[PDB]
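Given next, in structure tokens, is a single chain: the form deposited in one PDB entry.
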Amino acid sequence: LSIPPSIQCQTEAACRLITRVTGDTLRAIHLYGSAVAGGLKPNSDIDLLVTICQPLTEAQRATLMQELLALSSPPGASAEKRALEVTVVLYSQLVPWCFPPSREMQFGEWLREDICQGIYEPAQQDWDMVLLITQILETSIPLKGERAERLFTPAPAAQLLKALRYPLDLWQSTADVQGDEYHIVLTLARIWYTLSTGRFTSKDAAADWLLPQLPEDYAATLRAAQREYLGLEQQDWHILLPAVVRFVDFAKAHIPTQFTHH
């Protein structure tokens, strides 16, 4: 797998920073997500997983958070300077697996306001870490350390199922989805795709896979979500919000409850 030339400079800067702060504790840095698996759009972020051996000191946490702010920009602000998402995890949480796994920290542009004031999310449980590692074992590039298949072990299918279906419970009310309308719709398409095929695919490809299988009313909602993500039309998602809720409820009712495996 290859790093897109148009992100190499920023990725190299992020790696030099991570190396400085972590240093002796650093086990690996893996690039994953659309930059590697495909689907890198103008607003897409650069997804990075940092594996360390010991927890981050609050000095390391503060420094890494602050200095990442200078290497990252909000999505869409710049074609050259993309949004960074850096997730840090203890190796001991993955080998052997701890369920749910915990993450030491997660930098992201949606936290810029808080990070600009010394407010850092602490370590916490995150079922999504099961999905991250699973996707990394399939499609990732080691910027530092060993390839993923030599560092991590796959999770049991039983736990991958729980991680895939866990977000379905977070989305129940209008406010649970308000603000992330098309992101949630496309993510549901990816969850549906993975549970039915055992594979991971891009947001765009998951929507195309799902559209023919939906009643037209729900296909229209998925189409509007896909259309916005691709930059072809911005919708008024306050108007579409009742239809988004109906789409979420349809997915929760129809997504498989067991693998049709990875």
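Just so we're on the same page, rigid core means the largest C-alpha set that superposes within 1.5 Å between forms. So that there is no doubt, residue numbering starts at 1 and follows the sequence shown.
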As recorded in the PDB entry, how many deposited residues are without coordinates between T260 and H261: none, 1 to 3, 4 to 9, or 10 or more? 1 to 3
Averaging CA B factors per stretch from the PDB record, which one is higher: 139 to 147 or 117 to 125? 117 to 125
Comparing 38 to 46 with 62 to 70, which has the greater mean CA B-factor as deposited? 62 to 70
Going by the entry, which of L188, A155, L131, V177 has the most elevated CA B factor? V177
Can you pull the Cα B-factors for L214, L195, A207, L56 from the entry and say which is highest? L56
Quick check on the deposited entry: does the C-alpha B-factor of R16 sit in the lowest, middle or highest third of its chain? middle
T51's Cα B-factor: lowest, middle or highest third of the chain? middle
Please place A251 in the lowest, middle or highest third of its chain according to the CA B-factor in the PDB entry. lowest
Third of chain Cα B-factors occupied by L168: highest
Which third of the chain holds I239 when residues are ordered by C-alpha B factor: lowest, middle or highest? highest
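Same protein, other form: the form deposited in another entry, not shown, and the subject of what follows.
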If you fit the two forms on their rigid core, which residue out of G179, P156, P74, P122 shows a CA shift of at least 2 Å between the shown form and the other one? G179
With both forms fitted on the core, give yes or no for whether the Cα of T63 moves by 2 angstroms or more between the shown form and the other one. no
Using a rigid core superposition, assess whether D217 undergoes a CA shift of 2 Å or more between the shown form and the other one. no
Examine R27 after superposing the rigid core and state whether its CA is displaced by 2 Å or more between the shown form and the other one. no
Tell me whether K203 and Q135 end up closer or farther apart in that other deposited form, going by their C-alpha atoms; the shift is 3 Å or more. closer
Distance trend in that other deposited form - C-alpha atoms of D45 and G179, change of 3 Å or more: farther
